[PDB]
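Visitor: Residue numbers (PDB author numbering), protein chains in the order written: chain 1, 244 to 323; chain G, 298 to 394; chain X, 47 to 398; chain F, 35 to 242; chain K, 28 to 128; chain Z, 3 to 53. All C-beta atoms, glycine included, are put in the ideal place defined by N, C-alpha and C. Quick one: the structure is below, questions incoming.
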Amino acid sequence: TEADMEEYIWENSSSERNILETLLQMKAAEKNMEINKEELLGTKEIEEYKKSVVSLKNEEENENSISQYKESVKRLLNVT
Amino acid sequence: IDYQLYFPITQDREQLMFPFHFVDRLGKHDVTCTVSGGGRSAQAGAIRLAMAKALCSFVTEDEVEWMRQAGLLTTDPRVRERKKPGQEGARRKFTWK
Amino acid sequence: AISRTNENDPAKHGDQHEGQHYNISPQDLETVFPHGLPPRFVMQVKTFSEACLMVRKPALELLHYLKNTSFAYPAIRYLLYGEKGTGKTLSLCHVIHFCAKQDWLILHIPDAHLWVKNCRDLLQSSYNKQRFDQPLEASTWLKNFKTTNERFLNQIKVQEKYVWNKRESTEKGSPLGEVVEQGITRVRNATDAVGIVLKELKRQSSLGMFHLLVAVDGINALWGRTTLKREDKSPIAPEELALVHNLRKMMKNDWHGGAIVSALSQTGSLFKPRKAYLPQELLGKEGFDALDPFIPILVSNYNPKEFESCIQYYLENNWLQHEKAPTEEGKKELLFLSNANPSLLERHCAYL
Amino acid sequence: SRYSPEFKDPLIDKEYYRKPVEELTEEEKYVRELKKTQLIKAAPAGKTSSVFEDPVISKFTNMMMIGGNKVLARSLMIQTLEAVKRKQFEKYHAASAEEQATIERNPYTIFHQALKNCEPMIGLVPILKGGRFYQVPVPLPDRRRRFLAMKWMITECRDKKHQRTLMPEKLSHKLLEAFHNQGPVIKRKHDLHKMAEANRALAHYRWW
Amino acid sequence: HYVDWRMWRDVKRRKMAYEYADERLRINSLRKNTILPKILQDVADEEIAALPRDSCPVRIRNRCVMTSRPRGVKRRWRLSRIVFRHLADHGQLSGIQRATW
Amino acid sequence: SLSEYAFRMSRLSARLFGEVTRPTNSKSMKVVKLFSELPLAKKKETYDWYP
Ligand SMILES: Nc1nc2c(ncn2[C@@H]2O[C@H](COP(=O)(O)OP(=O)(O)NP(=O)(O)O)[C@@H](O)[C@H]2O)c(=O)[nH]1
Ligand SMILES: Nc1ncnc2c1ncn2[C@@H]1O[C@H](COP(=O)(O)OP(=O)(O)OP(=O)(O)O)[C@@H](O)[C@H]1O
Ligand SMILES: [Mg+2]
Ligand SMILES: [Mg+2]
Ligand SMILES: [Mg+2]
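This is how it looks when you write it as structure tokens:
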């Protein structure tokens, strides 16, 4: 299980499920038919968001990693 | 760790200020210390003396003599006294019947 | 008065007001903040006879997001984190006063650490026998929630039939107020009334009737540990509590038409060290996973500009009586002892 | 003592050293040079060079402390100072325009003056004359009456007559009553003054 | 040629405790468990209690090797405080000196 | 309060390092402590106490 893993893996995780469901409600609000899992993950923004969660869970948590994680969530949620 | 976080009790922070306030140069130096051993109040005193000694290189000779006359460059020799075999404490005696 | 700003309307504050105190009126203080304000800030309001709050960047940054917030997308979680005594609680109040003026629905949990400790009457629930109720703690909140949102309690109406008992039930199409009044009068169905309030507000918000603000201070309690114990002296988990189980549903971003603003707090926390202030440490793995994705907002200590205006608000109210306080050398000691920390500075100035 | 007799007590006064050499008198100037040769003790933790240092409020804190718990003794003192401060602000906003000029809001000025209103002038000392002890009136020294004022205030508050009142609320209430020359601590001074003036016939038993 | 009879009794005690050490160990092992049946453990409770009393190690006393003193004995030197000090006060015990601090 | 993977892994480590494999309580682990040490009476400080 996940409690046994000694190293966090983003794939098939709560973070990937939460951000994936969040991005599907955003498409329905915009009335768009772009509802493909592979396409969403491919985007660069997701790559930066999954690099920040894997650094907070594994590496030491500092104020520099909470600000890098914040910028990656402001691009996915269009929070300019 | 920031000193206010490391030292919650105000008294400890007052000891840190003392050297700089005396030489009227607060907010002019950056200090990076590492204290080990002792307790809350023993660590501040040890830092005060270290900062004071290292702050004598950035002050005039006359100011260093004032620090000495203020008791900021002297090592307090007061340490715990041992207990004696026939007494309750270092100097306290068992009740005289 | 260089420390006060004449603009007492929080929808027009900007970067040019940073460092200046604005005035929260008595009418808004009682209505908007019955239970929110810190306990030691109400002594200042009671002694100064005025609630003046500083405009800082944490709240200005967070007010700029709630103005450009799309009410069609799912609610966005905003988290305020910082070192102890840095103003995150007060910054949150700044946003509750911005949204209350704009006819938002304020769901304000002033301190969530109180629901997981020191509970004397911990009744077993009747709607679900695996959960515990907290009648004294849910009925204190309903009275304040009613005060803030008294107007909407009649416009908002329930869409289901909630059975309190065989004799007494609330029928579809009543005002929500009846639910609240039921929980304040009986002080035993209150815990169930709170659950109904959260469910109705969350569902109706999506429809578009009203904008909802979920203001939860001390949000790391929900996914931590408790000091409550069963009759057999066994530790109780936080999700067994019916009041704490229904409040986790509002934090999830499965609804639109509102924003979620929360604030961490180690003061009042359980089994957390004093110097722990980061989100993961306080929230934990369970808390971080639930909140994620969330926007963390840092609250820091007073900067040089903000520090001088705090001391000019205390000097303008004659609250620094010692004759060396106003001098340049007295402020250097306040700055050093406190390291520009609002609470340490405010605690050191209370006895000068 | 782990210090030798050579070691002299330190002078924390910060405005003394700053004194210009031009003001230094011939006697004072000599002293300053002499101190250079002398060894100086390390300043204790209690007293610093801060502008808020008050020797009377530090001594009153040390006289309440129990078992070396100075964080709690100091905490009670500051809470008391804040309680006196908050109670006078509540008596100042509700007062008339001409009553606000006679309301002191500085808790220190209240603490020092209240203790000065409790200092007795003469005391009773038991003297052995003719195989009997007589409580003859004796002039208390300046220190003794300053110490008794503090001891009585702490004894009255510690006295277990107030069932469940916190020390800050008790000490603050007694300090405001002695500021207006009221209360038991002042009454305790009068009772010692009424017994020293009734037994003035035995004011010759003493020798010193 | 031991100091006294009290010492001589302990010598026998220690000799009889060395002969039955293994037998007692094997029988206690059965008793010190929750695995074996009570019927078997009850039979082992009677077998270890039928052995001579002097085989029991709780009867062994650490006396001095010179004066057979039961109390005031130092285990590292097997000597009484009186005999230890005598040799220590004369500088016969390597490393032993009087403490001052 | 252990996962099946962790519990079984612990059993595997107990077989390589020669520990107890079966689930045994604290009363029954004294048998391991009675046979893993030398008894007091067979120690050379006990039976060679006196000259
Ligand atoms: N007393 C009472 N409370 C009700 C009633 N219906 C709903 N509630 C309150 O509203 C809360 C939410 O109800 P519901 O949507 O059914 O959620 P739930 O029953 O808890 N199911 P789950 O916990 O799995 O999500 C319930 O926990 C209870 O607190 C009712 O008829 N009577
Ligand atoms: N914006 C502000 N305006 C006026 N006073 C402030 C402000 N921010 C902080 N303060 C001062 O700092 C004190 C503590 O602030 P606050 O209660 O918000 O701290 P906190 O971050 O919630 O700390 P904790 O983590 O302990 O809850 C307040 O009582 C107030 O006196
Ligand atoms: Mg002692
Ligand atoms: Mg707070
Ligand atoms: Mg037994």
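Return the residue from the list 106 (chain X), 73 (chain X), 71 (chain X) that minimises the CA-CA distance to residue 63 (chain X).
Guide: Per the Cα distances, 106 (chain X).
Visitor: Just list the residues that DSSP pairs residue 67 (chain X) with in beta bridges.
Guide: 50 (chain X), 100 (chain X).
Visitor: Is any heavy atom of ligand 1 found at a distance shorter than 7 Å from the C-beta of residue 209 (chain X)?
Guide: The answer is yes for residue 209 (chain X).
Visitor: For chain F, find out if any of its Cβ atoms is closer than 8 Å to the Cβ of residue 286 (chain G); answer yes or no.
Guide: This structure cannot settle anything about residue 286 (chain G), because the visible part of chain G is limited to 298 through 394.
Visitor: Going along the chain, which residues of its own chain have a beta-carbon closer than 6 Å to the beta-carbon of residue 100 (chain X), five neighbours each way excluded?
Guide: The answer, listed in chain order, is 67.
Visitor: Mapping the DSSP letters down to three states, classify residue 382 (chain G) as helix, strand or coil.
Guide: Residue state, collapsed to three classes: coil.
Visitor: Mind checking residue 64 (chain K): buried by the 16 CB within 10 Å criterion, or exposed?
Guide: The residue in question, residue 64 (chain K), is exposed, as its Cβ has fewer than 16 Cβ neighbours within 10 Å.
Visitor: Under 7 Å Cβ-Cβ, which residues of chain X neighbour residue 261 (chain 1)?
Guide: In chain order: 338, 339.
Visitor: Which word fits residue 355 (chain G), buried or exposed, when buried means at least 16 other C-beta atoms lie within 10 angstroms of its C-beta?
Guide: Result: exposed.
Visitor: Which residues, in order along the stretch 103 to 128 of chain K, keep a beta-carbon less than 7 Å from a beta-carbon of chain Z?
Guide: Of all residues in the stretch 103 to 128 of chain K, 105 have a Cβ within less than 7 Å of some Cβ in chain Z.
Visitor: I want to check one thing, is the minimum distance from the CB of residue 386 (chain G) to the heavy atoms of ligand 3 below 7 Å?
Guide: Yes, ligand 3 has a heavy atom inside 7 Å of this Cβ.
Visitor: List the residues that DSSP assigns as beta-bridge partners of residue 160 (chain F).
Guide: 169 (chain F).
Visitor: Less than 8 Å between C-beta atoms, sequence neighbours within five positions excluded: which residues of the same chain meet that for residue 299 (chain 1)?
Guide: Cβ within range, chain order: 308, 309, 312.
Visitor: So with Cβ pairs under 8 Å, would you call residue 62 (chain K) a contact of chain Z?
Guide: Judged by the 8 Å Cβ criterion, residue 62 (chain K) is in contact with chain Z.
Visitor: Give me the Cα-Cα distance between residue 62 (chain K) and residue 71 (chain K), rounded to the nearest whole angstrom.
Guide: If I take the Cα positions, the gap works out to 14 Å.
Visitor: Between residue 48 (chain Z) and chain K, is the shortest Cβ-Cβ distance under 8 Å, so that the two count as touching?
Guide: Interface residue, yes.
Visitor: Check each candidate in 330 (chain X), 337 (chain X), 131 (chain X), 363 (chain X) and name the one with the smallest Cα separation from residue 47 (chain X).
Guide: For residue 47 (chain X), the nearest C-alpha among the options comes from 363 (chain X).
Visitor: Among 102 (chain X), 91 (chain X), 57 (chain X), which one has its Cα closest to the Cα of residue 349 (chain X)?
Guide: Comparing Cα-Cα distances from residue 349 (chain X) to each of 102 (chain X), 91 (chain X), 57 (chain X), the minimum goes to 102 (chain X).
Visitor: Which of helix, strand or coil does DSSP assign to residue 168 (chain X)?
Guide: If DSSP states are grouped into helix, strand and coil, residue 168 (chain X) belongs with coil.
Visitor: Might you give, ordered along the chain, the residues of its own chain that have their beta carbon closer than 8 Å to the beta carbon of residue 29 (chain K), omitting 5 neighbours on each side?
Guide: Excluding sequence neighbours, residue 29 (chain K) sits near 35, 38, 95.
Visitor: So does the stretch 74 to 83 of chain K actually touch the stretch 50 to 60 of chain K, counting three or more Cβ pairs closer than 8 Å?
Guide: Touching, yes.
Visitor: Going by other Cβ atoms of all chains shown within 10 Å of its Cβ, with 16 needed for buried, is residue 37 (chain Z) buried or exposed?
Guide: Exposed is the call here.
Visitor: Check whether the Cβ of residue 125 (chain F) sits closer than 7 Å to any heavy atom of ligand 1, and report yes or no.
Guide: False, no ligand heavy atom lies under 7 Å from that Cβ.
Visitor: In the DSSP assignment, find the unbroken alpha helix (DSSP H) run with residue 342 (chain X) in it and report its ends.
Guide: Taken as a continuous stretch (DSSP letters only), residue 342 (chain X) belongs to no alpha helix (DSSP H), being part of the beta strand (DSSP E) at 341 to 345.
Visitor: Hey, out of 102 (chain K), 55 (chain K), 111 (chain K), whose CA is closest to residue 78 (chain K)'s CA?
Guide: The shortest C-alpha separation from residue 78 (chain K) is found at 55 (chain K).
Visitor: Cβ of residue 136 (chain X) within 7 Å of any heavy atom in ligand 2?
Guide: Yes - ligand 2 has a heavy atom lying nearer than 7 Å to the Cβ of residue 136 (chain X).
Visitor: What does a CB cutoff of less than 7 Å around residue 362 (chain G) pick up in its chain, not counting 5 residues either side in sequence?
Guide: Here the set comprises nothing.
Visitor: If distances are taken between C-alpha atoms only, which option among 260 (chain X), 315 (chain X), 271 (chain X) comes closest to residue 304 (chain X)?
Guide: Out of 260 (chain X), 315 (chain X), 271 (chain X), 260 (chain X) has the C-alpha closest to the C-alpha of residue 304 (chain X).
Visitor: Taking the continuous alpha helix (DSSP H) assigned at residue 120 (chain F), which residues delimit it?
Guide: Note, residue 120 (chain F): alpha helix (DSSP H), 104 to 127.
Visitor: Quick check on this structure: which residue in 84 (chain F), 114 (chain F), 50 (chain F) has the alpha carbon closest to the alpha carbon of residue 95 (chain F)?
Guide: That would be 114 (chain F), whose Cα lies nearest to the Cα of residue 95 (chain F).
Visitor: Quick check on the burial criterion: 16 or more other C-beta atoms within 10 angstroms. Buried or exposed for residue 90 (chain K)?
Guide: Buried is the call here.
Visitor: Buried or exposed: which applies to residue 294 (chain 1), given that a residue is buried once 16 or more other Cβ atoms fall within 10 Å of its Cβ?
Guide: Exposed, because fewer than 16 other Cβ atoms sit within 10 Å of the Cβ of residue 294 (chain 1).
Visitor: Give the straight-line distance between the Cα atoms of residue 215 (chain X) and residue 209 (chain X), rounded to the nearest whole angstrom.
Guide: Going by the C-alpha atoms only, they are around 4 Å apart.
Visitor: Can you name the residues that DSSP bridges to residue 221 (chain X)?
Guide: 203 (chain X), per the DSSP bridge assignment.
Visitor: What would DSSP say about residue 280 (chain 1), mapped onto helix, strand or coil?
Guide: Here residue 280 (chain 1) sits in helix by DSSP.
Visitor: Please classify residue 262 (chain 1) as buried or exposed, where buried requires at least 16 other C-beta atoms within 10 Å of its C-beta.
Guide: Buried, by the Cβ-count rule.
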